[PDB]
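> For the record, the sequence lines run as chains A and B. Mind the numbering: the first sequence is residues 0 to 184, 208 to 232, 235 to 248 in the deposited numbering, read in order. Mind the numbering: the second sequence is residues 1 to 184, 208 to 249 in the deposited numbering, read in order. Ideal Cβ placement from N, Cα and C applies to all residues, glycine included. Please read through the structure below; I'll follow up with questions.
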Amino acid sequence: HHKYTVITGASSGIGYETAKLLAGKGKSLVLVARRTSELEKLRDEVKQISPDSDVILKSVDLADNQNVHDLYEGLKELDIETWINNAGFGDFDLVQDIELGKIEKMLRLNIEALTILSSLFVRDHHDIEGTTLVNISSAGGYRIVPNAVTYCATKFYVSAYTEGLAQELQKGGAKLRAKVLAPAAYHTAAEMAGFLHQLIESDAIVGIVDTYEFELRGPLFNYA
Amino acid sequence: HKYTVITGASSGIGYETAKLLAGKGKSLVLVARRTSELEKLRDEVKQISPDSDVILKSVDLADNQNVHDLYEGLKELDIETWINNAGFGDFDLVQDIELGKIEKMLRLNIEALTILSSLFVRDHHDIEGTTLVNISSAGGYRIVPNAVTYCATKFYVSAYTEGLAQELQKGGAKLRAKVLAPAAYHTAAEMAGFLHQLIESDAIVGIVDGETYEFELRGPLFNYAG
């Protein structure tokens, strides 16, 4: 019956506070994370904030590509105004010291899931008015951080991918808007959720934290 | 025997690099999906250089475990240069993408490259005369319309390799990491020569100027913190 905002990585940080912020505006939510327990506590808070919001919970491990497909297929019929790819995590270590099981999971979450779901959403929504895709990158996706080479690399992917998707849509007159948030790698999750809201409401492709000042602006990378 | 290891060996820069390094008497490990193509390249390498030793590894590097198996199977061999040339591109709007192709692209361009880079760096950072080369693209520094996803994989490769290269330099490592960025000269034979030139230089980046014009040995293009 409603319009929905889909949030992956909903159980923690930016995703948690964004779900809370959007409920405060009477929005309905699809909340995606691995831990049913975190999802259900967030849902309790959200219905406390906005009892008329509809809350759909999806317990899924997005590091498995088939789960990712299943998730999207299971939401295809919903009216979705906003999709937010916030799943993912980082790492601090020299390359020679990396734990490969972690870094492989990171690639599957930060890159594969984000790409699969971005691609499916765009497929179905590029010509639908009022729709927005937001991918969560990092300031480290625009400036490499020592001891976080691999994490930064995934965020250069997210930033270049989303900047390119955003301009491909804009320059071809699509109705869907794509945007990338680059938090520093303002401190609190709740403040980050406000920046995300700022970005969605904005004309800007990029909302990036430097100064630790938040800036709304256009693509950082060269485009041909 | 002192080996040079080449993924995507049966294609493009990998194929001409194998022949160039055969011309200089080098032994090779050649990694590609199709045994048929690997055996053809070996015979050409042996034609050029009969005393080159050539080990062939038929493997689908789009499976993460296969990537580990490949590396384990070569683990104790003596490798002076590792070249990650596996992968491929795509032209299509994001709305038009074939997902299976894109997902394989990510597993090959990014995952295989990252796992093998990581494993090589782990066992060789301390070893003199060693070089890791990752084959990226001019589209890994400038986004090309209609190849958004491909370009994003190559931004990954470029950022990863630049990051890793400066990390090894700051840490006083003997291993050197380098990235090659051909456009999106022109022949694969010339690119192999440019690559050899990159391996010998001090430069982290060998890039073909994307407007036009030829090869440039240079430092990192991306922003780096300290």
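1) Select from A:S11, A:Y236, A:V228 and A:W82 the residue whose C-alpha is nearest the C-alpha of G163 (chain A).
2) Going straight from the alpha carbon of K178 (chain B) to that of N134 (chain B), what length do you get?
3) Starting from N84 (chain B), follow its DSSP beta bridges and name the residues at the other end.
4) Can you pull the DSSP bridge partners for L240 (chain B)?
5) Cα separation between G73 (chain A) and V67 (chain A)?
6) CB-CB under 8 angstroms to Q220 (chain B), same chain, minus the five flanking residues each way: which ones, in chain order?
7) Using a Cβ-Cβ cut-off of less than 7 angstroms, list which residues of the region 129 to 150 of chain A approach chain B; keep chain order.
8) Which residues in chain B sit within 8 angstroms of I110 (chain A), going by Cβ to Cβ distance?
9) Alpha carbon to alpha carbon, how far is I48 (chain B) from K19 (chain B)? Give it in angstroms, no decimals.
10) Determine, using beta carbons only, whether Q95 (chain A) comes closer than 8 angstroms to chain B.
11) Under 7 angstroms Cβ to Cβ from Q169 (chain B), same chain only, skipping five residues before and after it: list those, please.
12) Tell me the residue span of the beta strand (DSSP E) that contains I55 (chain B).
13) Tell me where the beta strand (DSSP E) around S27 (chain B) begins and ends.
14) Given this structure, state the Cα-to-Cα distance separating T149 (chain B) from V157 (chain A), to the nearest angstrom.
15) Would you kindly report the start and end of the unbroken beta strand (DSSP E) that includes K2 (chain B)?
16) Quick check: the region 139 to 155 of chain A against the region 102 to 110 of chain A, are there 3 or more CB pairs under 8 angstroms?
17) Which chain B residues sit within Cβ distance under 9 angstroms of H125 (chain A)?
18) According to DSSP, what are the bridge partners of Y247 (chain A)?
19) Please report the straight-line C-alpha distance between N146 (chain A) and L244 (chain B), rounded to a whole angstrom.
20) Quick check: the region 118 to 132 of chain B against the region 108 to 118 of chain A, are there 3 or more CB pairs under 8 angstroms?
21) To the nearest angstrom, report how far apart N85 (chain A) and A212 (chain A) are at their CA atoms.
22) For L61 (chain B), go through chain A and note every residue whose CB falls closer than 9 angstroms to its CB, in chain order.
23) At the 8 angstroms Cβ level, is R34 (chain A) part of the contact set with chain B, yes or no?
24) Looking at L30 (chain B): is its Cβ nearer than 8 angstroms to the Cβ of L56 (chain B)?
25) Let me check understanding here. Comparing Cα to Cα, which of B:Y71, B:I79 and B:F88 lies closest to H124 (chain B)?
26) What do you get for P50 (chain A), buried or exposed, if any count of 16 or more other CB atoms within 10 angstroms of its CB means buried?
27) Rounded to whole angstroms, what's the CA-CA distance from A248 (chain A) to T130 (chain B)? Just pull it up for me.
28) Which same chain residues end up closer than 7 angstroms to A183 (chain A) when comparing Cβ atoms and leaving out the 5 residues on each side of it in sequence?
29) Rounded to a whole number of angstroms, what is the C-alpha to C-alpha distance between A226 (chain B) and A165 (chain B)?
30) Could you give the residue range of the beta strand (DSSP E) that holds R176 (chain A)?
31) Residues of chain A with a CB under 7 angstroms from the CB of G163 (chain B): which are they?
32) Could you round the C-beta distance between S52 (chain B) and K26 (chain B) to whole angstroms and report it? I think they count as a contact, below 8 angstroms.
33) Taking the alpha carbon of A159 (chain B) as the reference point, which residue from A:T7, A:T81 and A:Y141 has its own alpha carbon closest?
34) Find out if the Cβ-Cβ distance for the pair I127 (chain B), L175 (chain B) is shorter than 8 angstroms.
35) At a CB-CB cut-off below 7 angstroms, which residues of chain A make contact with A183 (chain B)?
36) Please report whether the beta-carbon of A159 (chain A) lies at a distance below 8 angstroms from any beta-carbon of chain B.
Reading off the structure:
1) If you number the first sequence from 1, residue 163 (chain A) lands on position 164. Shortest Cα-Cα distance from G163 (chain A) to any of A:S11, A:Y236, A:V228 and A:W82 involves A:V228.
2) Residue 178 (chain B) sits at position 178 when you count from the first residue of the second sequence. Residue 134 (chain B) sits at position 134 when you count from the first residue of the second sequence. Going by the C-alpha atoms only, they are around 6 angstroms apart.
3) The count along the second sequence starts at 1 and reaches residue 84 (chain B) at position 84. Checking the DSSP bridge columns, you'll see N84 (chain B) partnered with B:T7 and B:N134.
4) The residue you call residue 240 (chain B) lines up with position 217 of the second sequence. According to DSSP, which records beta bridges pairwise, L240 (chain B) is partnered with B:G229.
5) By 1-based counting over the first sequence, the position of residue 73 (chain A) is 74. By 1-based counting over the first sequence, the position of residue 67 (chain A) is 68. So the two alpha carbons sit approximately 10 angstroms from each other.
6) Numbered from 1 along the second sequence, position 197 holds the residue referred to as residue 220 (chain B). Cβ neighbours of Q220 (chain B) beyond the five flanking positions: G229, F238 and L240.
7) Residues are counted here when their Cβ sits less than 7 angstroms from a Cβ of chain B; for the region 129 to 150 of chain A these are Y141, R142, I143, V144, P145, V148 and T149, given in chain order.
8) Here residue 110 (chain A) corresponds to residue number 111 of the first sequence, with the count starting at 1. For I110 (chain A), the neighbours in chain B by C-beta distance under 8 angstroms run, in chain order, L106, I110 and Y156.
9) Here residue 19 (chain B) refers to the residue found at position 19 when the second sequence is read from its first residue. Here residue 48 (chain B) refers to the residue found at position 48 when the second sequence is read from its first residue. Rounded to the nearest angstrom, the gap between the Cα atoms of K19 (chain B) and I48 (chain B) is 7 angstroms.
10) Taking the first residue of the first sequence as position 1, residue 95 (chain A) is located at position 96. At a cut-off of 8 angstroms, the C-beta of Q95 (chain A) has a neighbouring C-beta in chain B.
11) The residue labelled residue 169 (chain B) in the question sits at position 169 within the second sequence. No residues qualify anywhere along the chain.
12) Numbered from 1 along the second sequence, position 55 holds the residue referred to as residue 55 (chain B). First-last of the beta strand (DSSP E) with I55 (chain B): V54 to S58.
13) Mapped onto the second sequence, residue 27 (chain B) falls at position 27. Residues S27 to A32.
14) The count along the second sequence starts at 1 and reaches residue 149 (chain B) at position 149. The count along the first sequence starts at 1 and reaches residue 157 (chain A) at position 158. So the two alpha carbons sit approximately 10 angstroms from each other.
15) Residue mapping note: residue 2 (chain B) aligns to position 2 of the second sequence, counting from 1. In the DSSP assignment, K2 (chain B) falls outside any beta strand (DSSP E), carrying neither H nor E.
16) The answer is yes - the region 102 to 110 of chain A touches the region 139 to 155 of chain A, with three or more Cβ pairs under 8 angstroms.
17) As a position in the first sequence, residue 125 (chain A) is number 126, starting the count at 1. Near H125 (chain A) (Cβ distances below 9 angstroms), the residues of chain B are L93, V94 and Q95.
18) As a first step, residue 247 (chain A) is located in the first sequence; it is residue number 223 there, counting from the start. Partner(s): B:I143.
19) In the first sequence, residue 146 (chain A) corresponds to position 147, counting from 1. In the second sequence, residue 244 (chain B) corresponds to position 221, counting from 1. Taking the straight line joining both Cα atoms gives about 19 angstroms.
20) Judged by Cβ distances under 8 angstroms, the region 118 to 132 of chain B makes no contact with the region 108 to 118 of chain A, as fewer than three pairs qualify.
21) Residue 85 (chain A) sits at position 86 when you count from the first residue of the first sequence. Residue 212 (chain A) sits at position 190 when you count from the first residue of the first sequence. Computed Cα separation, rounded: 14 angstroms.
22) Here the question's residue 61 (chain B) lines up with position 61 in the second sequence. The premise fails here: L61 (chain B) is roughly 14 angstroms from chain A at the closest Cβ pair, so nothing lies under 9 angstroms.
23) Taking the first residue of the first sequence as 1, we reach residue 34 (chain A) at position 35. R34 (chain A) does not count as touching chain B.
24) Numbered from its first residue, the second sequence carries residue 30 (chain B) at position 30. Numbered from its first residue, the second sequence carries residue 56 (chain B) at position 56. Against a cut-off of 8 angstroms, the Cβ pair of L56 (chain B) and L30 (chain B) comes out as a contact.
25) Start at 1 with the first residue of the second sequence, and residue 124 (chain B) comes out as number 124. Looking only at B:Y71, B:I79 and B:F88, the smallest Cα-Cα distance to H124 (chain B) is reached by B:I79.
26) As a first step, residue 50 (chain A) must be located in the first sequence, where it is residue number 51. Burial call: exposed.
27) As a first step, residue 248 (chain A) must be located in the first sequence, where it is residue number 224. As a first step, residue 130 (chain B) must be located in the second sequence, where it is residue number 130. Rounded to whole angstroms, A248 (chain A) to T130 (chain B) spans 35 angstroms at the Cα level.
28) Working through the first sequence from its first residue, we reach residue 183 (chain A) at position 184. Listed in chain order, the non-local C-beta contacts of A183 (chain A) below 7 angstroms within the same chain comprise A138, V231 and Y236, local neighbours out to five positions each way being set aside.
29) Locating residue 226 (chain B) in the second sequence gives position 203, where the first residue counts as 1. Locating residue 165 (chain B) in the second sequence gives position 165, where the first residue counts as 1. Taking the straight line from one Cα to the other gives about 10 angstroms.
30) Your numbering for residue 176 (chain A) matches position 177 in the first sequence. Element bounds for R176 (chain A): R176 to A181.
31) Here residue 163 (chain B) refers to the residue found at position 163 of the second sequence. Within 7 angstroms Cβ-Cβ: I143, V148, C151 and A152.
32) Within the second sequence, the letter at position 52 stands for residue 52 (chain B). Within the second sequence, the letter at position 26 stands for residue 26 (chain B). The C-beta separation of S52 (chain B) from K26 (chain B) comes to about 6 angstroms, placing the pair in contact by the 8 angstroms criterion.
33) Indexing the second sequence from 1 puts residue 159 (chain B) at position 159. Comparing Cα positions, the closest option is A:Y141.
34) Within the second sequence, numbered from 1, the residue matching residue 127 (chain B) stands at position 127. Within the second sequence, numbered from 1, the residue matching residue 175 (chain B) stands at position 175. In this structure, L175 (chain B) lies closer than 8 angstroms to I127 (chain B) by Cβ.
35) For the purposes of this step, residue 183 (chain B) is taken as residue 183 along the second sequence, with counting starting at 1. For the C-beta of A183 (chain B), not a single chain A residue is nearer than 7 angstroms; the gap to the nearest is close to 11 angstroms.
36) On the first sequence, position 160 is the one that residue 159 (chain A) refers to. By this cut-off, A159 (chain A) is an interface position.
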